[PDB]
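Let me begin by presenting the structure, written as structure tokens, before commenting on it.
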Amino acid sequence: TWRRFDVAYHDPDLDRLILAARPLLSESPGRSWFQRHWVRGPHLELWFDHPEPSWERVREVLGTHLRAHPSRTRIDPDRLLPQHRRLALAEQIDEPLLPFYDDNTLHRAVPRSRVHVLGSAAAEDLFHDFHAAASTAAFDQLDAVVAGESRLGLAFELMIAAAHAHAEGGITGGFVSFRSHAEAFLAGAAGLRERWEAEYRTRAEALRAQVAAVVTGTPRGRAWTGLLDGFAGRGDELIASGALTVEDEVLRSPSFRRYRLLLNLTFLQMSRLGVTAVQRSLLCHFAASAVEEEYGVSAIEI
């Protein structure tokens with residue numbers, strides 16, 4: 001059985017709060033993990049499958065940080081609530097959306113089940129295992145961000161690495177998925193796409209250099225794909241047995257479905273690092289464009 005603690009913190013910059021929580025997720029046996037979530041307003045979630053750290057210990061560590069570094073961002077519930085209602089339906093969340101937590105407060109919360117979305121208890125357990133491993137990796141990534149490294153740059157690296165290692169044909173195969181995701185998000189937004197294209201142009205040479213670096217191989221890339229490798233076999237088995245619901249003519253291949261899962265896990269990591277849905281889709285646009293330009297390929301030609 002899981003324990004879920006919500007830390008209400010309305011400033012979108014959660015990095016230092018997350019780093020303050022690192023000991024709680026690093027000091028005791030058991031699976032522990034964190035994610036950013038929107039229910040009842042922006043908050044950090046800490047998940048533990050073992051009894052330590054206790055509430056007292058959680059309160060000790062986080063109370064100290066909140067006193068020294070309180071969030072000072074006012075939110076607008078009446079503006080957010082329409083968006084939350086859409087998210088609740090799309091994400092199949094049945095929890096109360098109101099009232100929003102007061103800023104800088106700690107709460108016990110309901111350990112939600114995702115079996116209805118993931119397909120089975122086995123699939124849910126796989127995701128827990130992923131979040132535990134990836135939360136540890138996220139601490140180091142967020143350290144880097146706090147120290148001045150680009151959040152989006154770090155996320156881009158993870159995505160390129162995942163595609164190069166885990167997509168049929170490497171980066172020049174996997175990039176098609178990036179274009180697909182970007183267009184799915186845009187949903188016909190010619191104006192937004194134009195902004196994406198314009199920003200891509202300004203960043204093109206740097207993004208292309210980043211793609212080449214990651215294809216050459218970077219420490220962070222190798223570490224990420226190493227983490228993903230640990231889940232690929234289990235993913236394959238659960239996809240095959242129908243225990244994990246993942247829902248051309250290359251859709252039949254377990255190879256593609258594995259890729260899609262591991263890319264999805266990468267997106268979840270990006271969320272942990274504070275990259276929003278719109279930013280993740282922007283990065284997919286950039287990734288598709290950079291790959292096309294660097295390797296002289298076309299998503300539409302395939």
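In the structure tokens, the first chain shown is A, the next is B, and so on; residue numbers restart at 1 for each chain, and ligands run from 1 in the order shown.
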Using only C-alpha atoms, find each residue in segment 67-156 of chain A having at least one atom no more than 9 Å away from segment 35-59 of chain A; report its shortest atom-to-atom pair and that distance in Å (one decimal), rows by chain then rising number, as JSON lines.
{"residue": "A:75", "atom": "CA", "partner": "A:41", "partner_atom": "CA", "distance": 8.1}
{"residue": "A:77", "atom": "CA", "partner": "A:41", "partner_atom": "CA", "distance": 7.6}
{"residue": "A:80", "atom": "CA", "partner": "A:41", "partner_atom": "CA", "distance": 8.1}
{"residue": "A:81", "atom": "CA", "partner": "A:41", "partner_atom": "CA", "distance": 8.8}
{"residue": "A:84", "atom": "CA", "partner": "A:39", "partner_atom": "CA", "distance": 7.2}
{"residue": "A:87", "atom": "CA", "partner": "A:38", "partner_atom": "CA", "distance": 8.9}
{"residue": "A:88", "atom": "CA", "partner": "A:39", "partner_atom": "CA", "distance": 8.4}
{"residue": "A:93", "atom": "CA", "partner": "A:39", "partner_atom": "CA", "distance": 8.9}
{"residue": "A:95", "atom": "CA", "partner": "A:39", "partner_atom": "CA", "distance": 7.8}
{"residue": "A:96", "atom": "CA", "partner": "A:40", "partner_atom": "CA", "distance": 7.5}
{"residue": "A:97", "atom": "CA", "partner": "A:40", "partner_atom": "CA", "distance": 5.1}
{"residue": "A:98", "atom": "CA", "partner": "A:40", "partner_atom": "CA", "distance": 5.8}
{"residue": "A:99", "atom": "CA", "partner": "A:40", "partner_atom": "CA", "distance": 6.3}
{"residue": "A:100", "atom": "CA", "partner": "A:40", "partner_atom": "CA", "distance": 4.1}
{"residue": "A:101", "atom": "CA", "partner": "A:40", "partner_atom": "CA", "distance": 5.8}
{"residue": "A:102", "atom": "CA", "partner": "A:41", "partner_atom": "CA", "distance": 8.9}
{"residue": "A:106", "atom": "CA", "partner": "A:59", "partner_atom": "CA", "distance": 7.4}
{"residue": "A:108", "atom": "CA", "partner": "A:55", "partner_atom": "CA", "distance": 8.4}
{"residue": "A:109", "atom": "CA", "partner": "A:45", "partner_atom": "CA", "distance": 8.9}
{"residue": "A:111", "atom": "CA", "partner": "A:47", "partner_atom": "CA", "distance": 8.0}
{"residue": "A:131", "atom": "CA", "partner": "A:35", "partner_atom": "CA", "distance": 8.4}
{"residue": "A:132", "atom": "CA", "partner": "A:47", "partner_atom": "CA", "distance": 8.9}
{"residue": "A:135", "atom": "CA", "partner": "A:35", "partner_atom": "CA", "distance": 8.2}
Residues near residue 118 of chain A, cut-off 7 Å, only C-alpha atoms, skip fewer than 4 positions along chain, as a PyMOL selection string: chain A and resi 114+123-124+244-245
Separating atom CA of residue 296 of chain A from atom CA of residue 208 of chain A, to the nearest tenth of an Å, is a gap of 11.6 Å
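By chain and then residue number, the residues within 10 Å of residue 269 of chain A are residues 35, 130, 131, 134, 135, 137, 138, 155, 158, 159, 263 and 275 of chain A, counting only C-alpha atoms and disregarding those fewer than 6 positions away in sequence.
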Those same residues, written as a PDB file, in the first residue's frame with N, CA and C atoms?
ATOM      1  N   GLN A  35       6.150  13.383  -8.357  1.00  0.00           N
ATOM      2  CA  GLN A  35       5.665  13.951  -9.604  1.00  0.00           C
ATOM      3  C   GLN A  35       5.017  15.303  -9.308  1.00  0.00           C
ATOM      4  N   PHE A 130       9.270   2.338 -12.477  1.00  0.00           N
ATOM      5  CA  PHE A 130       9.871   3.351 -13.329  1.00  0.00           C
ATOM      6  C   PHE A 130      10.016   4.665 -12.557  1.00  0.00           C
ATOM      7  N   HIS A 131       8.925   5.121 -11.931  1.00  0.00           N
ATOM      8  CA  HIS A 131       8.931   6.398 -11.232  1.00  0.00           C
ATOM      9  C   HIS A 131       9.969   6.422 -10.109  1.00  0.00           C
ATOM     10  N   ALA A 134      13.396   6.654 -11.852  1.00  0.00           N
ATOM     11  CA  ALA A 134      13.536   7.897 -12.592  1.00  0.00           C
ATOM     12  C   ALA A 134      13.525   9.109 -11.654  1.00  0.00           C
ATOM     13  N   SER A 135      12.849   8.998 -10.500  1.00  0.00           N
ATOM     14  CA  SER A 135      12.854  10.089  -9.530  1.00  0.00           C
ATOM     15  C   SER A 135      14.276  10.341  -9.026  1.00  0.00           C
ATOM     16  N   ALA A 137      16.997   9.710 -10.692  1.00  0.00           N
ATOM     17  CA  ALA A 137      17.708  10.340 -11.797  1.00  0.00           C
ATOM     18  C   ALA A 137      17.338  11.818 -11.917  1.00  0.00           C
ATOM     19  N   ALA A 138      16.087  12.146 -11.584  1.00  0.00           N
ATOM     20  CA  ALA A 138      15.577  13.501 -11.740  1.00  0.00           C
ATOM     21  C   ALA A 138      16.252  14.464 -10.765  1.00  0.00           C
ATOM     22  N   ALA A 155      15.892  18.133 -21.256  1.00  0.00           N
ATOM     23  CA  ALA A 155      14.772  17.294 -21.668  1.00  0.00           C
ATOM     24  C   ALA A 155      14.936  16.836 -23.121  1.00  0.00           C
ATOM     25  N   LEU A 158      17.227  13.904 -23.420  1.00  0.00           N
ATOM     26  CA  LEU A 158      16.616  12.652 -23.009  1.00  0.00           C
ATOM     27  C   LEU A 158      15.815  12.070 -24.171  1.00  0.00           C
ATOM     28  N   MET A 159      15.087  12.937 -24.881  1.00  0.00           N
ATOM     29  CA  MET A 159      14.198  12.489 -25.940  1.00  0.00           C
ATOM     30  C   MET A 159      15.003  11.960 -27.133  1.00  0.00           C
ATOM     31  N   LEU A 263       9.261   6.046 -24.998  1.00  0.00           N
ATOM     32  CA  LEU A 263       9.132   7.477 -25.254  1.00  0.00           C
ATOM     33  C   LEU A 263       8.132   8.090 -24.274  1.00  0.00           C
ATOM     34  N   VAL A 275       8.714  20.361 -17.407  1.00  0.00           N
ATOM     35  CA  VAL A 275       8.401  20.661 -18.796  1.00  0.00           C
ATOM     36  C   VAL A 275       6.912  20.395 -19.031  1.00  0.00           C
TER      37      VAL A 275
END
Take atom CA of residue 28 of chain A and atom CA of residue 60 of chain A and report the distance between them in Å, one decimal.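 Straight-line distance from atom CA of residue 28 of chain A to atom CA of residue 60 of chain A works out to 15.3 Å.
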Spatial neighbours of residue 179 of chain A, max dist 7 Å, only C-alpha atoms, sep filter under 6 positions, as a list in words: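 Close residues of residue 179 of chain A: residues 284, 285 and 288 of chain A.
Distance check against residue 225 of chain A using only C-alpha atoms: of A:166, A:85, A:116, A:107, the minimum falls on A:166.
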Atom CA of residue 168 of chain A to atom CA of residue 259 of chain A, distance in Å rounded to a single decimal: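 Answer for the atom CA of residue 168 of chain A to atom CA of residue 259 of chain A separation: 7.9 Å.
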What residues in segment 66-211 of chain A get the DSSP label strand (DSSP E or B)? Please answer as a list in words. residues 105, 106, 107, 108 and 109 of chain A
In segment 97-264 of chain A, DSSP helix (DSSP H, G or I) residues written as a tab-separated table (two decimals) with N, CA and C atoms, in the first residue's frame:
chain	number	residue	atom	x	y	z
A	115	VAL	N	-4.96	1.61	-12.60
A	115	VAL	CA	-5.17	0.32	-13.25
A	115	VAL	C	-6.11	0.49	-14.45
A	116	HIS	N	-7.10	1.38	-14.32
A	116	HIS	CA	-8.11	1.58	-15.35
A	116	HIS	C	-7.51	2.19	-16.62
A	117	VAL	N	-6.34	2.83	-16.48
A	117	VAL	CA	-5.70	3.51	-17.60
A	117	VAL	C	-4.56	2.64	-18.14
A	118	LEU	N	-3.83	1.99	-17.22
A	118	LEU	CA	-2.62	1.28	-17.60
A	118	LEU	C	-2.91	-0.15	-18.04
A	121	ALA	N	-2.84	-4.37	-12.59
A	121	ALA	CA	-1.98	-4.18	-11.43
A	121	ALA	C	-0.50	-4.33	-11.82
A	122	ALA	N	-0.20	-5.30	-12.69
A	122	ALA	CA	1.16	-5.55	-13.16
A	122	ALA	C	1.72	-4.31	-13.87
A	123	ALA	N	0.90	-3.69	-14.72
A	123	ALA	CA	1.30	-2.49	-15.45
A	123	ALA	C	1.52	-1.34	-14.47
A	124	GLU	N	0.62	-1.21	-13.49
A	124	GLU	CA	0.74	-0.15	-12.50
A	124	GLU	C	2.05	-0.29	-11.74
A	125	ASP	N	2.40	-1.54	-11.39
A	125	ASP	CA	3.62	-1.84	-10.66
A	125	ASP	C	4.85	-1.48	-11.50
A	126	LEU	N	4.78	-1.72	-12.81
A	126	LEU	CA	5.87	-1.34	-13.70
A	126	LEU	C	6.07	0.18	-13.64
A	127	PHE	N	4.96	0.93	-13.67
A	127	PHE	CA	5.08	2.38	-13.66
A	127	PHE	C	5.64	2.88	-12.34
A	128	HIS	N	5.21	2.27	-11.23
A	128	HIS	CA	5.77	2.60	-9.92
A	128	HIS	C	7.29	2.37	-9.92
A	129	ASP	N	7.71	1.23	-10.49
A	129	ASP	CA	9.13	0.89	-10.52
A	129	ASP	C	9.88	1.92	-11.36
A	130	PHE	N	9.27	2.34	-12.48
A	130	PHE	CA	9.87	3.35	-13.33
A	130	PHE	C	10.02	4.67	-12.56
A	131	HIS	N	8.92	5.12	-11.93
A	131	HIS	CA	8.93	6.40	-11.23
A	131	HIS	C	9.97	6.42	-10.11
A	132	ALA	N	10.11	5.30	-9.39
A	132	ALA	CA	11.11	5.20	-8.34
A	132	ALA	C	12.52	5.41	-8.90
A	133	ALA	N	12.88	4.63	-9.92
A	133	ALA	CA	14.20	4.75	-10.55
A	133	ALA	C	14.41	6.15	-11.14
A	134	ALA	N	13.40	6.65	-11.85
A	134	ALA	CA	13.54	7.90	-12.59
A	134	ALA	C	13.53	9.11	-11.65
A	135	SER	N	12.85	9.00	-10.50
A	135	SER	CA	12.85	10.09	-9.53
A	135	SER	C	14.28	10.34	-9.03
A	136	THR	N	15.01	9.26	-8.75
A	136	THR	CA	16.41	9.37	-8.35
A	136	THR	C	17.21	10.09	-9.43
A	137	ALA	N	17.00	9.71	-10.69
A	137	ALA	CA	17.71	10.34	-11.80
A	137	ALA	C	17.34	11.82	-11.92
A	138	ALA	N	16.09	12.15	-11.58
A	138	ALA	CA	15.58	13.50	-11.74
A	138	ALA	C	16.25	14.46	-10.76
A	139	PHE	N	16.61	13.97	-9.57
A	139	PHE	CA	17.28	14.81	-8.59
A	139	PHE	C	18.56	15.39	-9.18
A	140	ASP	N	19.36	14.54	-9.85
A	140	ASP	CA	20.62	14.99	-10.41
A	140	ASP	C	20.38	15.96	-11.57
A	141	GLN	N	19.34	15.67	-12.37
A	141	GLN	CA	18.98	16.52	-13.49
A	141	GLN	C	18.57	17.90	-12.99
A	142	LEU	N	17.81	17.94	-11.89
A	142	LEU	CA	17.31	19.20	-11.36
A	142	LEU	C	18.43	19.98	-10.67
A	143	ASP	N	19.39	19.25	-10.08
A	143	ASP	CA	20.61	19.86	-9.57
A	143	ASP	C	21.26	20.71	-10.66
A	144	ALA	N	21.37	20.11	-11.85
A	144	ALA	CA	22.01	20.73	-13.00
A	144	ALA	C	21.24	21.97	-13.43
A	145	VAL	N	19.90	21.88	-13.40
A	145	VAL	CA	19.05	22.98	-13.82
A	145	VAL	C	19.24	24.16	-12.86
A	146	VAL	N	19.20	23.88	-11.56
A	146	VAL	CA	19.37	24.90	-10.53
A	146	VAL	C	20.73	25.58	-10.70
A	151	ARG	N	16.72	23.67	-18.78
A	151	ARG	CA	15.73	22.65	-18.47
A	151	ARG	C	15.27	21.98	-19.77
A	152	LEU	N	14.91	22.79	-20.77
A	152	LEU	CA	14.45	22.27	-22.04
A	152	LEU	C	15.58	21.54	-22.77
A	153	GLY	N	16.81	22.06	-22.64
A	153	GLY	CA	17.97	21.43	-23.25
A	153	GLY	C	18.19	20.02	-22.71
A	154	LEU	N	18.07	19.89	-21.38
A	154	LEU	CA	18.23	18.61	-20.72
A	154	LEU	C	17.14	17.64	-21.18
A	155	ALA	N	15.89	18.13	-21.26
A	155	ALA	CA	14.77	17.29	-21.67
A	155	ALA	C	14.94	16.84	-23.12
A	156	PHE	N	15.40	17.75	-23.99
A	156	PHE	CA	15.62	17.46	-25.40
A	156	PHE	C	16.62	16.30	-25.52
A	157	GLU	N	17.68	16.35	-24.72
A	157	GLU	CA	18.71	15.32	-24.73
A	157	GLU	C	18.11	13.95	-24.42
A	158	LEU	N	17.23	13.90	-23.42
A	158	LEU	CA	16.62	12.65	-23.01
A	158	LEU	C	15.82	12.07	-24.17
A	159	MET	N	15.09	12.94	-24.88
A	159	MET	CA	14.20	12.49	-25.94
A	159	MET	C	15.00	11.96	-27.13
A	160	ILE	N	16.08	12.68	-27.51
A	160	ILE	CA	16.93	12.26	-28.62
A	160	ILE	C	17.57	10.91	-28.28
A	161	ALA	N	18.08	10.79	-27.05
A	161	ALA	CA	18.73	9.56	-26.60
A	161	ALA	C	17.75	8.38	-26.64
A	162	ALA	N	16.51	8.59	-26.16
A	162	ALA	CA	15.52	7.52	-26.13
A	162	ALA	C	15.22	7.03	-27.55
A	163	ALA	N	15.11	7.97	-28.49
A	163	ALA	CA	14.78	7.62	-29.86
A	163	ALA	C	15.96	6.89	-30.50
A	164	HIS	N	17.19	7.39	-30.29
A	164	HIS	CA	18.36	6.83	-30.94
A	164	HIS	C	18.63	5.41	-30.46
A	165	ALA	N	18.39	5.16	-29.17
A	165	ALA	CA	18.64	3.84	-28.60
A	165	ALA	C	17.46	2.91	-28.88
A	166	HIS	N	16.23	3.44	-28.84
A	166	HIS	CA	15.09	2.55	-28.68
A	166	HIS	C	14.15	2.54	-29.88
A	171	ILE	N	17.84	7.40	-34.50
A	171	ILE	CA	17.25	8.73	-34.50
A	171	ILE	C	16.51	9.03	-35.81
A	172	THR	N	17.02	8.54	-36.95
A	172	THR	CA	16.41	8.86	-38.23
A	172	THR	C	15.19	7.97	-38.50
A	173	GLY	N	14.90	7.05	-37.57
A	173	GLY	CA	13.65	6.32	-37.60
A	173	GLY	C	12.64	6.92	-36.62
A	174	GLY	N	13.14	7.21	-35.41
A	174	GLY	CA	12.32	7.58	-34.27
A	174	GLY	C	11.71	8.98	-34.40
A	175	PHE	N	12.30	9.82	-35.25
A	175	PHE	CA	11.93	11.22	-35.31
A	175	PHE	C	10.51	11.41	-35.85
A	176	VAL	N	10.03	10.45	-36.65
A	176	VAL	CA	8.68	10.51	-37.21
A	176	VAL	C	7.66	10.64	-36.08
A	177	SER	N	7.89	9.90	-34.99
A	177	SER	CA	7.04	9.96	-33.81
A	177	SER	C	7.03	11.37	-33.22
A	178	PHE	N	8.17	12.07	-33.30
A	178	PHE	CA	8.25	13.43	-32.79
A	178	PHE	C	7.34	14.35	-33.59
A	179	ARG	N	7.39	14.24	-34.92
A	179	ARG	CA	6.55	15.08	-35.76
A	179	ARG	C	5.08	14.76	-35.47
A	180	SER	N	4.76	13.46	-35.35
A	180	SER	CA	3.40	13.02	-35.09
A	180	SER	C	2.87	13.62	-33.79
A	181	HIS	N	3.68	13.58	-32.72
A	181	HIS	CA	3.27	14.09	-31.42
A	181	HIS	C	3.05	15.60	-31.49
A	182	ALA	N	3.94	16.31	-32.19
A	182	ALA	CA	3.86	17.76	-32.29
A	182	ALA	C	2.57	18.16	-33.01
A	183	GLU	N	2.25	17.46	-34.10
A	183	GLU	CA	1.08	17.78	-34.90
A	183	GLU	C	-0.19	17.40	-34.14
A	184	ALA	N	-0.14	16.31	-33.37
A	184	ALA	CA	-1.30	15.89	-32.59
A	184	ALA	C	-1.65	16.99	-31.58
A	185	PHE	N	-0.61	17.59	-30.99
A	185	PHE	CA	-0.83	18.62	-30.00
A	185	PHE	C	-1.41	19.85	-30.69
A	186	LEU	N	-0.80	20.22	-31.82
A	186	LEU	CA	-1.17	21.46	-32.50
A	186	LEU	C	-2.64	21.41	-32.90
A	190	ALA	N	-2.17	26.53	-37.13
A	190	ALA	CA	-1.19	27.05	-38.08
A	190	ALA	C	-0.37	28.18	-37.44
A	191	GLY	N	-1.03	29.01	-36.62
A	191	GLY	CA	-0.38	30.15	-35.98
A	191	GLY	C	0.67	29.71	-34.98
A	192	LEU	N	0.32	28.72	-34.15
A	192	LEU	CA	1.28	28.21	-33.17
A	192	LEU	C	2.42	27.48	-33.88
A	193	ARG	N	2.10	26.72	-34.93
A	193	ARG	CA	3.15	26.00	-35.64
A	193	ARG	C	4.17	26.99	-36.20
A	194	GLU	N	3.68	28.13	-36.69
A	194	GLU	CA	4.54	29.15	-37.26
A	194	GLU	C	5.50	29.69	-36.20
A	195	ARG	N	5.00	29.87	-34.96
A	195	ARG	CA	5.84	30.29	-33.86
A	195	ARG	C	6.91	29.24	-33.57
A	196	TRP	N	6.50	27.97	-33.57
A	196	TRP	CA	7.41	26.87	-33.33
A	196	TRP	C	8.50	26.83	-34.39
A	197	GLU	N	8.09	27.00	-35.65
A	197	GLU	CA	9.01	26.96	-36.77
A	197	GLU	C	10.00	28.12	-36.67
A	198	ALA	N	9.50	29.31	-36.31
A	198	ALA	CA	10.32	30.51	-36.21
A	198	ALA	C	11.35	30.34	-35.10
A	199	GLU	N	10.92	29.81	-33.96
A	199	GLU	CA	11.83	29.63	-32.84
A	199	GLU	C	12.84	28.54	-33.18
A	200	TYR	N	12.37	27.50	-33.88
A	200	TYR	CA	13.27	26.45	-34.32
A	200	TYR	C	14.41	27.06	-35.14
A	201	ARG	N	14.06	27.92	-36.10
A	201	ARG	CA	15.02	28.53	-37.00
A	201	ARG	C	16.10	29.26	-36.21
A	202	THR	N	15.69	29.99	-35.16
A	202	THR	CA	16.63	30.75	-34.36
A	202	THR	C	17.58	29.81	-33.61
A	203	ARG	N	17.11	28.58	-33.33
A	203	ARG	CA	17.85	27.67	-32.47
A	203	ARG	C	18.45	26.51	-33.26
A	204	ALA	N	18.26	26.50	-34.59
A	204	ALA	CA	18.47	25.30	-35.40
A	204	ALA	C	19.87	24.71	-35.21
A	205	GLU	N	20.90	25.55	-35.34
A	205	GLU	CA	22.27	25.05	-35.34
A	205	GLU	C	22.62	24.43	-33.99
A	206	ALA	N	22.18	25.07	-32.91
A	206	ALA	CA	22.40	24.56	-31.56
A	206	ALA	C	21.66	23.24	-31.35
A	207	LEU	N	20.41	23.15	-31.81
A	207	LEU	CA	19.62	21.94	-31.63
A	207	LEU	C	20.24	20.79	-32.42
A	208	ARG	N	20.67	21.09	-33.65
A	208	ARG	CA	21.30	20.10	-34.51
A	208	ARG	C	22.58	19.59	-33.86
A	209	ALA	N	23.36	20.51	-33.26
A	209	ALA	CA	24.60	20.16	-32.58
A	209	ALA	C	24.29	19.25	-31.39
A	210	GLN	N	23.19	19.55	-30.70
A	210	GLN	CA	22.76	18.73	-29.58
A	210	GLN	C	22.38	17.33	-30.05
A	211	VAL	N	21.64	17.24	-31.16
A	211	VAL	CA	21.26	15.95	-31.73
A	211	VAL	C	22.52	15.14	-32.04
A	212	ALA	N	23.49	15.76	-32.72
A	212	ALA	CA	24.72	15.08	-33.11
A	212	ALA	C	25.48	14.60	-31.88
A	213	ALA	N	25.55	15.44	-30.84
A	213	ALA	CA	26.24	15.11	-29.60
A	213	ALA	C	25.63	13.86	-28.98
A	214	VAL	N	24.29	13.82	-28.94
A	214	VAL	CA	23.60	12.73	-28.26
A	214	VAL	C	23.72	11.45	-29.09
A	215	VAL	N	23.72	11.59	-30.41
A	215	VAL	CA	23.92	10.44	-31.29
A	215	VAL	C	25.35	9.93	-31.15
A	216	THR	N	26.32	10.85	-30.99
A	216	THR	CA	27.71	10.48	-30.75
A	216	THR	C	27.80	9.73	-29.42
A	219	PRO	N	27.27	11.26	-21.54
A	219	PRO	CA	27.04	10.61	-20.25
A	219	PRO	C	25.56	10.56	-19.88
A	220	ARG	N	24.87	11.70	-20.00
A	220	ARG	CA	23.47	11.81	-19.60
A	220	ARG	C	22.59	10.95	-20.50
A	221	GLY	N	22.90	10.93	-21.79
A	221	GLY	CA	22.16	10.12	-22.74
A	221	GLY	C	22.26	8.63	-22.41
A	222	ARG	N	23.49	8.18	-22.15
A	222	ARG	CA	23.78	6.79	-21.83
A	222	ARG	C	23.09	6.40	-20.53
A	223	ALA	N	23.16	7.27	-19.52
A	223	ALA	CA	22.50	7.03	-18.24
A	223	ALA	C	20.99	6.89	-18.44
A	224	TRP	N	20.40	7.74	-19.29
A	224	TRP	CA	18.96	7.67	-19.49
A	224	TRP	C	18.58	6.38	-20.21
A	225	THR	N	19.29	6.06	-21.29
A	225	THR	CA	18.92	4.88	-22.07
A	225	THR	C	19.15	3.61	-21.25
A	226	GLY	N	20.20	3.63	-20.41
A	226	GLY	CA	20.46	2.57	-19.44
A	226	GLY	C	19.27	2.34	-18.52
A	227	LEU	N	18.69	3.44	-18.02
A	227	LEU	CA	17.53	3.34	-17.14
A	227	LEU	C	16.36	2.73	-17.91
A	228	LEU	N	16.09	3.25	-19.11
A	228	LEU	CA	15.03	2.74	-19.97
A	228	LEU	C	15.21	1.25	-20.28
A	229	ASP	N	16.46	0.82	-20.54
A	229	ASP	CA	16.76	-0.57	-20.88
A	229	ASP	C	16.20	-1.50	-19.82
A	230	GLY	N	16.27	-1.06	-18.55
A	230	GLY	CA	15.82	-1.85	-17.41
A	230	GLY	C	14.32	-2.16	-17.43
A	231	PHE	N	13.54	-1.40	-18.22
A	231	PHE	CA	12.10	-1.56	-18.23
A	231	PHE	C	11.60	-2.17	-19.54
A	232	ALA	N	12.49	-2.28	-20.54
A	232	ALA	CA	12.08	-2.64	-21.89
A	232	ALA	C	11.55	-4.07	-21.96
A	233	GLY	N	12.24	-5.00	-21.29
A	233	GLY	CA	11.85	-6.40	-21.31
A	233	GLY	C	10.49	-6.64	-20.66
A	234	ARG	N	10.30	-6.04	-19.48
A	234	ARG	CA	9.05	-6.14	-18.76
A	234	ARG	C	7.93	-5.52	-19.58
A	235	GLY	N	8.22	-4.36	-20.19
A	235	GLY	CA	7.26	-3.70	-21.06
A	235	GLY	C	6.80	-4.61	-22.20
A	236	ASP	N	7.77	-5.26	-22.86
A	236	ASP	CA	7.50	-6.16	-23.97
A	236	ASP	C	6.51	-7.24	-23.56
A	237	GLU	N	6.72	-7.81	-22.36
A	237	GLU	CA	5.94	-8.95	-21.90
A	237	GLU	C	4.51	-8.51	-21.58
A	238	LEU	N	4.39	-7.35	-20.94
A	238	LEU	CA	3.10	-6.83	-20.53
A	238	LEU	C	2.29	-6.35	-21.73
A	239	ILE	N	2.96	-5.76	-22.73
A	239	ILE	CA	2.29	-5.40	-23.98
A	239	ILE	C	1.74	-6.67	-24.63
A	240	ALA	N	2.56	-7.72	-24.68
A	240	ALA	CA	2.20	-8.96	-25.37
A	240	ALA	C	0.97	-9.62	-24.73
A	241	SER	N	0.93	-9.63	-23.39
A	241	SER	CA	-0.09	-10.34	-22.65
A	241	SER	C	-1.37	-9.52	-22.55
A	254	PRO	N	6.27	-5.49	-32.09
A	254	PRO	CA	6.60	-5.21	-30.69
A	254	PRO	C	7.66	-4.12	-30.54
A	255	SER	N	8.49	-3.96	-31.58
A	255	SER	CA	9.60	-3.03	-31.59
A	255	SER	C	9.08	-1.59	-31.52
A	256	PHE	N	8.00	-1.32	-32.25
A	256	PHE	CA	7.43	0.02	-32.28
A	256	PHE	C	6.72	0.30	-30.96
A	257	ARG	N	6.00	-0.70	-30.44
A	257	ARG	CA	5.23	-0.54	-29.22
A	257	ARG	C	6.15	-0.32	-28.02
A	258	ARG	N	7.29	-1.04	-28.00
A	258	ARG	CA	8.33	-0.83	-27.01
A	258	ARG	C	8.80	0.62	-27.09
A	259	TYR	N	9.09	1.09	-28.31
A	259	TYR	CA	9.56	2.46	-28.49
A	259	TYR	C	8.54	3.44	-27.91
A	260	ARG	N	7.27	3.20	-28.21
A	260	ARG	CA	6.23	4.15	-27.83
A	260	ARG	C	6.13	4.22	-26.31
A	261	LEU	N	6.21	3.06	-25.65
A	261	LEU	CA	6.19	3.01	-24.19
A	261	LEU	C	7.37	3.80	-23.63
A	262	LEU	N	8.57	3.54	-24.15
A	262	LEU	CA	9.76	4.12	-23.56
A	262	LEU	C	9.82	5.62	-23.85
A	263	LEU	N	9.26	6.05	-25.00
A	263	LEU	CA	9.13	7.48	-25.25
A	263	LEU	C	8.13	8.09	-24.27
A	264	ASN	N	7.03	7.38	-24.01
A	264	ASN	CA	6.04	7.85	-23.05
A	264	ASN	C	6.67	8.00	-21.66
